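Overview (structure and organization)
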Amino acid sequence: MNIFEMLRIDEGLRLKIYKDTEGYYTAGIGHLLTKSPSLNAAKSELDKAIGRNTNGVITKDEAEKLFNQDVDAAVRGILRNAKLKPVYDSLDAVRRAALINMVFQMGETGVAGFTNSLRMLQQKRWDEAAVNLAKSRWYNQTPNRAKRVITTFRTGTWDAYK
Ligand SMILES: [Cl-]
Ligand SMILES: [Cl-]
């Protein structure tokens, strides 16, 4: 298991524009297109991301390419974030993947806002962090996914994904 396989399980793969859990236009492997209600605006962003007239439909290769870019961007985002970087550097490889998953889902800003949980993670207080992470809108809105990521931080193993 690795970050790619993990995210692929959490996000799924859809070759057409779809609406995410929050009702936002997305395509491929969790690639958010726009928060705007306009399908046209979404099609426009998709075309601009892929570099062709897609008509809202992409190929598997195209989806994977957006995916690789997005994973890369999440990692680079964490390393440039003063609040995230120290946490990330303190963690082991498995837990690092868990932090990347959160950033991919909710953005750097969103995750950086989990002040208390971040501090607990940095301190290696696993059970405590897991409890604190669960007191959030994130957990209440996407509980199965949140549980998988939380277990990952709690145990440092991939058990939740096997
Ligand atoms: Cl893009
Ligand atoms: Cl869920």
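Residues numbered from 1 in each chain as written, not as in the entry; some residues may be left out. Chains lettered and ligands numbered in written order. Heavy atoms only, no water.

Per the PDB record, the structure was determined using X-ray crystallography to 1.75 Å resolution.

The name given to the protein in the PDB entry is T4 LYSOZYME, and the organism recorded there is Enterobacteria phage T4. Reading the Subcellular location entry of the UniProt record for the protein gives the comment "Host cytoplasm". Listed under Sequence similarities in UniProt, the entry text for the protein is "Belongs to the glycosyl hydrolase 24 family." (UniProt positions renumbered as here; feature names shortened; annotations may be inferred.)

1. Thoughts on the pattern of salt bridges
Going through the model one piece at a time under the given rule, you end up with eleven salt bridges. Between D10 and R148 there is a salt bridge, and its shortest N-O distance comes to 2.7 Å. Of the two residues, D10 is situated in helix α1 (residues 3–11) and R148 in helix α9 (residues 143–155); the sequence distance between them amounts to 138 residues. Residue classification places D10 among the buried positions, given a relative accessible area of 13%. Overall, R148 belongs to the partly exposed group, its relative accessible area being 23%. The salt bridge partner of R76 is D72, with a shortest N-O separation of 3.1 Å. In this pair, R76 and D72 are both assigned in helix α3 (residues 60–80), four residues apart and thus about one turn of the helix distant. Classification of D72 as partly exposed rests on a relative accessible area of 42%. Taken together, the salt bridges that share partners define one network made up of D10, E11, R145 and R148. (Salt bridge = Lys/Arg side-chain N within 4 Å of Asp/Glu carboxyl O. Helix = DSSP H or I, 4+ residues; strand = E, 2+ residues; numbered from the N terminus. Buried < 20%, exposed > 50% of the residue type's maximum accessible area, 1.4 Å probe, protein only.)

2. Focus on the UniProt feature "active site" in the protein
Residues annotated in UniProt with the feature "active site" correspond here to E11 and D20. As for the largest pocket, its lining draws on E11 and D20 from among the annotated residues. Residue position: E11 is located in helix α1. When residues no more than four places from it in sequence are discounted, the contact partners of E11 are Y18, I29, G30, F104 and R145. As for its placement among the helices and strands, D20 is situated in the loop between β1 (14–19) and β2 (25–28). Of the residues examined, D20 reaches a relative accessible area of 26% and is grouped as partly exposed. In this structure, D20 is in contact with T26 and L32, ignoring residues within four places of it in sequence. (1 Å grid on protein atoms, 1.4 Å probe; cavity = no way out; pocket = protein on both sides within 12 Å on 5 of 7 lines; lining within 4 Å. Contact = heavy atoms within 4.5 Å.)

3. What to know about the layout of surface pockets
Roughly 950 Å³ of internal volume is contained in the largest pocket. In this structure, the largest pocket is lined by 30 residues; those nearest its centre are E11, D20, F104, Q105 and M106. Elements represented by at least two residues in the lining of the largest pocket include exactly α1, β1, β3 (31–34), α3, α5 (93–112), α8 (137–141) and α9. With five residues, α5 is the single largest residue contributor to the lining of the largest pocket. Taken together, the residues of the lining of the largest pocket break down into ten nonpolar, ten polar and ten charged. (Points joined across faces, edges and corners; volume = space filled by probe spheres on them. Nonpolar A, V, L, I, M, F, W, Y, C, P; charged D, E, K, R; others polar.)

4. Topic: the packing of aromatic side chains
Two descriptors summarise a pair of aromatic rings, namely the distance from one centre to the other and the angle between the planes of the rings. Inspection of every chain in the model, using the stated rule, returns four aromatic pairs. Judged by centre distance (6.0 Å) and plane angle (90 degrees), the rings of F67 and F104 are edge-to-face. Here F104 lies in helix α5 and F67 lies in helix α3, a separation of 37 residues in the sequence. The class for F67 is buried, based on a relative accessible area of 6%. Between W158 and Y161, the ring centres sit 6.4 Å apart and the planes meet at 80 degrees, which makes this aromatic pair edge-to-face. The side chain of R95 reaches across the aromatic face of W126, ending 3.5 Å from its centre. Sitting over the face of the ring of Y88, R96 holds its NZ or CZ atom 5.1 Å from the ring centroid. (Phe/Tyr/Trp six-rings, centres within 6.5 Å; stacked < 30°, edge-to-face > 60°. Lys NZ or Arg CZ within 6 Å of the ring centre and 35° of its normal.)

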